[PDB]
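Quick setup: one chain, the form deposited in one PDB entry, written in C-alpha cells, and binding and motion questions come after.
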C-alpha cells in the first residue's frame, strides 16, 4: 500500500506516514496523509541504524573484553558500536556475531606463505627438516 520509505498507519488503514530516519525513533504517528511524522533522536546509550517506525531504540552493543576485542568506532545514535581486534591479530568466529582475537602466527622455523588476514591466520610453510602440523612447524626429532 505505502511506497518505500513510508509505513501504514496502525489505527487507520488509509494513511501512509513517512518513516523515521536513522538515529531517531517514533514518538507519534503522522496525523494525516501528507503531514510530518513526529520522530525524535535516540537517547544516550541507544541507537537506530536504519530507517524505521520503531517506538523505541536499540541498546548499544558492547565490545567483549574477554574475547580480546577493542572498540573500533564508538556508538553513535545512528550506528552501533563496531568492535574488532588489535594489530597482528585475526578473528576466529565461534558464531555469527561471536568472534575471538588471536595473535597472528609468525611461522617460526618456516616462511610466511600467505600474510595474516583479518579473518584468516597466517599460512605457514616449514623450513627444511620440519613437518607442518595445524599451521605450526614442529620438529621431527
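Note that the rigid core is defined as the largest set of C-alphas that superpose within 1.5 Å between two forms. Residue numbers count along the first chain shown, from 1.
The mean C-alpha temperature factor is higher for 107 to 115 when 50 to 58 and 107 to 115 are set side by side. Of the two stretches examined, 59 to 67 and 33 to 41, the record assigns the greater average C-alpha temperature factor to 33 to 41.
Residue 133: CA B factor in the highest third of modelled residues in this chain (values from the PDB entry). The PDB entry assigns residue 15 a C-alpha temperature factor belonging to the highest third of its chain's modelled residues. Split the chain's modelled residues into thirds by C-alpha temperature factor. Residue 81 is in the lowest one.
Not pictured, yet referred to below: the form deposited in another entry.
In a rigid-core overlay of the protein, residue 130 has its C-alpha displaced by at least 2 Å between this form and the one not shown.
Put the two forms on the same core and the Cα of residue 31 is off by 2 Å or more between this form and the one not shown.
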